[PDB]
RNA sequence: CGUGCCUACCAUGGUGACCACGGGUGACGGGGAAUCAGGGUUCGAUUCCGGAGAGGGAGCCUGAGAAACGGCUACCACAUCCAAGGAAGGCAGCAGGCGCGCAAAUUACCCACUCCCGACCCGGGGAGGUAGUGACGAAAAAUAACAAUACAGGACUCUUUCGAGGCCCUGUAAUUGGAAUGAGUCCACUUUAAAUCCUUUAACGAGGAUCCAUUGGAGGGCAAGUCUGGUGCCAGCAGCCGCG
Ligand SMILES: [Mg+2]
Ligand SMILES: [Mg+2]
Ligand SMILES: [Mg+2]
Ligand SMILES: [Mg+2]
Ligand SMILES: [Mg+2]
Ligand SMILES: [Mg+2]
Ligand SMILES: [Mg+2]
Ligand SMILES: [Mg+2]
Ligand SMILES: [Mg+2]
Ligand SMILES: [Mg+2]
Ligand SMILES: [Mg+2]
Ligand SMILES: [Mg+2]
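Chains as they are written, first to last, in the authors' numbering: chain Be, 3 to 57; chain BY, 4 to 128; chain BX, 2 to 142; chain BJ, 2 to 180.
Right, dumping it as structure tokens:
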């Protein structure tokens with residue numbers, strides 16, 4: 003077919019964005035500590051009818 | 004500082020030897036080397052220090068007991084005869100002086116090719 | 002309707018051994034045509050060298066031009082229409098390059114968008130396509 | 002040929018459904034309650050409890066006066082008492098099946114440290130049992146996954162260490178900075 | 001040694017639809033492995049037992065034991081040195097090399113342990129053991145933590161408290177410590193035939209330039225965004241439905 007060389011069009015016309023400086027991510031036991039403390043200690047004031055885990 | 008004790012004890016009067024398991028206790032510094040444990044066991048056995056051998060030392064993961072096998076003999080001639088040459092090599096009684104690979108096998112090959120007077124000439128020289 | 006006597010186990014094993022062939026999976030697993038018909042010789046991966054680069058059309062509800070690599074094998078020697086997975090990589094796959102191929106999700110069927118391609122490009126001359134689609138491990142020049 | 006060892010045990014159960022909301026919530030609150038690293042060491046405790054349940058049902062299958070049932074049941078009760086899950090009371094074989102997952106996690110090392118002091122925030126007790134600071138007996142304990150046996154249960158000391166044993170492991174840095 | 005194993009004569013017998021006979025097996029046979037109600041299904045070349053073979057296949061000396069192949073003779077296919085008249089070879093042993101393939105380790109040290117051979121307490125053993133590559137797979141497990149001061153996003157005990165916090169999760173690129181311990185830098189040990197690795201201890205050894213956790217996904221199954229900007233059935237995504 004004549005339009006076979008339409009390759010890399012999106013990665014050639016997509017503007018690049020510099021990945022900004024993100025802090026280090028605590029892993030393992032610390033990650034499970036923050037996953038427990040994100041959704042098991044101070045969420046129950048917000049009642050379980052509505053849910054807001056990401057927006 | 005250190006404390007050397009025995010755990011299991013056997014006696015073989017056929018070879019004039021006494022075998023034991025040695026635990027050295029450490030609430031302090033590192034594993035005591037070959038010389039000082041041998042000297043303290045020779046002092047506790049109250050004989051000449053050139054007769055008692057010991058081999059193997061463990062460590063129970065931070066201080067504690069170190070475990071080894073000790074051979075207390077009574078005769079130095081029986082020590083030179085009964086102990087193997089690798090345990091004579093700790094004090095340097097036996098030396099082989101050519102600890103090289105393929106020497107024996109290449110002498111076997113050079114004695115396998117030729118035979119007789121030429122074999123005694125090449126294989127020895 | 003069955004046969005349920007104490008001396009009927011020969012009749013049972015004969016009947017189940019006859020009716021077991023009518024399943025598709027048993028006959029494609031224990032008939033030699035799944036060795037002497039397919040490529041790979043019954044394998045998972047095979048190297049191959051590019052013969053041509055052909056764009057195929059997609060199905061009827063999806064209007065797309067998929068990119069395919071006609072692969073000449075090394076082991077069997079069959080001609081295989083492969084598929085370039087990602088967005089670029091048509092510029093990264095040149096003419097007559099060593100290409101490792103695999104399946105999509107199933108040996109029998111193909112992907113519901115591509116009509117007649119069972120195979121998918123993995124490597125480009127001993128350096129994989131995921132690295133070339135990312136920034137590291139660029140091809141030899 | 003060679004003859005050294007060929008044996009392989011997998012104390013690891015991956016569940017059938019990978020993504021269950023209530024089960025992942027239960028596992029996350031279990032990890033956050035008992036201070037763990039990942040879910041494979043939850044699945045270890047799950048596999049050991051399931052193996053105990055399978056052995057208990059295999060014993061309860063047999064007749065009451067069976068010698069294998071009596072011997073293995075008395076041995077299993079003795080082992081569970083020496084672990085510390087059961088009491089010296091109900092010695093029934095269905096009382097073995099009437100157990101939960103949290104009992105072995107309570108009978109781990111740092112949870113018994115939490116019950117008997119010197120723990121001070123289980124997330125810090127992880128560091129206190131990784132570093133040589135909590136030592137069940139003269140043989141030094143280092144590994145967190147350690148079952149505290151009921152026979153002693155109280156010998157938690159530490160010798161030749163930083164806060165009480167002595168020495169200058171890193172305070173010599175601060176002292177050389179002040180000098 | 002008992003045998004249609006062979007020979008001479010005599011009889012016409014023997015097996016089979018309860019699958020005889022003939023084919024294929026990407027078929028060495030098992031103890032076993034994977035798979036979790038039970039019943040089953042699929043592999044087992046592989047460390048232990050037995051069998052077969054040393055490129056194919058035939059014959060044989062010695063010896064108690066071989067149709068042996070790190071024994072021999074002849075044929076076929078390979079293949080080395082020739083000074084061209086002739087010799088010499090069988091890694092489906094240990095390393096290693098070529099080819100093949102998606103696919104698999106170093107021309108290492110030692111008889112120290114295990115046993116094995118021999119005339120023998122003494123010799124030898126790529127049988128084996130040690131070491132190198134190794135994310136086939138399994139076991140334990142830090143990855144920056146934690147207890148402190150303070151702005152408080154403020155849930156909670158209760159009193160008009162617009163808070164008394166001897167309970168508190170959290171953003172704190174805000175400060176202070178155990179300056180911990182771990183990885184690595186390395187004395188001395190130890191192990192070891194000689195080393196290496198496990199452990200011990202001497203001196204070093206973290207403050208975001210740290211000593212850096214990645215692999216896939218965020219429409220439903222299936223956990224998680226009706227966020228932002230381009231691309232506009234093009235690129236593509238998606239194993240299925242589907243989106244553009
Ligand atoms: Mg399909
Ligand atoms: Mg075969
Ligand atoms: Mg099973
Ligand atoms: Mg079964
Ligand atoms: Mg037989
Ligand atoms: Mg043979
Ligand atoms: Mg042989
Ligand atoms: Mg050979
Ligand atoms: Mg060959
Ligand atoms: Mg994606
Ligand atoms: Mg969902
Ligand atoms: Mg996918």
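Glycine included, every Cβ here is placed at the ideal spot set by N, Cα and C.
Coarse secondary structure for residue i, derived from DSSP in three states
i, result
"residue 115/BJ", "helix"
"residue 12/BX", "helix"
"residue 97/BX", "coil"
"residue 42/BY", "helix"
"residue 23/BJ", "helix"
"residue 48/BX", "strand"
"residue 103/BX", "strand"
"residue 82/BJ", "helix"
"residue 154/BJ", "coil"
"residue 74/BJ", "helix"
"residue 70/BX", "strand"
"residue 54/Be", "coil"
"residue 120/BY", "helix"
"residue 81/BX", "strand"
"residue 131/BJ", "helix"
"residue 120/BX", "strand"
"residue 105/BJ", "helix"
Sub-8 angstroms separation of residue i and residue j beta-carbons
i, j, result
"residue 26/BY", "residue 68/BY", "yes"
"residue 91/BX", "residue 100/BX", "no"
"residue 28/BJ", "residue 40/BJ", "yes"
"residue 4/Be", "residue 88/BX", "no"
"residue 24/BY", "residue 70/BY", "yes"
"residue 65/BY", "residue 30/BY", "no"
"residue 94/BX", "residue 125/BX", "yes"
"residue 14/BJ", "residue 85/BJ", "no"
"residue 75/BY", "residue 8/BY", "no"
Span separating the alpha-carbon of residue i from that of residue j
i, j, result
"residue 100/BJ", "residue 119/BJ", "28 angstroms"
"residue 147/BJ", "residue 132/BJ", "15 angstroms"
"residue 139/BJ", "residue 50/BJ", "30 angstroms"
"residue 99/BY", "residue 5/BY", "37 angstroms"
"residue 21/BJ", "residue 96/BJ", "29 angstroms"
"residue 113/BX", "residue 26/Be", "42 angstroms"
"residue 91/BY", "residue 28/BY", "27 angstroms"
"residue 69/BX", "residue 50/BX", "13 angstroms"
"residue 45/BJ", "residue 8/BJ", "18 angstroms"
"residue 37/BX", "residue 64/BX", "35 angstroms"
"residue 134/BJ", "residue 180/BJ", "29 angstroms"
"residue 48/BX", "residue 16/Be", "34 angstroms"
"residue 76/BX", "residue 42/BX", "8 angstroms"
"residue 22/BY", "residue 16/BY", "11 angstroms"
"residue 37/Be", "residue 29/BX", "48 angstroms"
"residue 25/BJ", "residue 32/BJ", "10 angstroms"
"residue 32/BY", "residue 29/Be", "37 angstroms"
Start and end residues, beta strand (DSSP E) containing residue i
i, result
"residue 74/BY", "67 to 76"
"residue 15/BY", "6 to 15"
"residue 23/BY", "20 to 29"
"residue 48/Be", "It is not in any beta strand (DSSP E) - residue 48/Be carries neither H nor E in the DSSP assignment."
First and last residue of the uninterrupted alpha helix (DSSP H) at residue i
i, result
"residue 37/BX", "34 to 37"
"residue 97/BJ", "95 to 98"
"residue 49/BJ", "41 to 62"
"residue 147/BJ", "Careful: residue 147/BJ lies outside any alpha helix (DSSP H) and carries neither H nor E."
"residue 64/BY", "Element bounds for residue 64/BY: n/a, residue is neither H nor E."
"residue 92/BX", "Counting along the chain, residue 92/BX falls outside any alpha helix (DSSP H), and DSSP gives it neither H nor E."
"residue 85/BY", "79 to 85"
"residue 36/Be", "31 to 41"
Taking a cut-off of 6 angstroms, which residues have a beta-carbon closer than that to any heavy atom of ligand 1, in chain order? 106/BX, 107/BX, 110/BX
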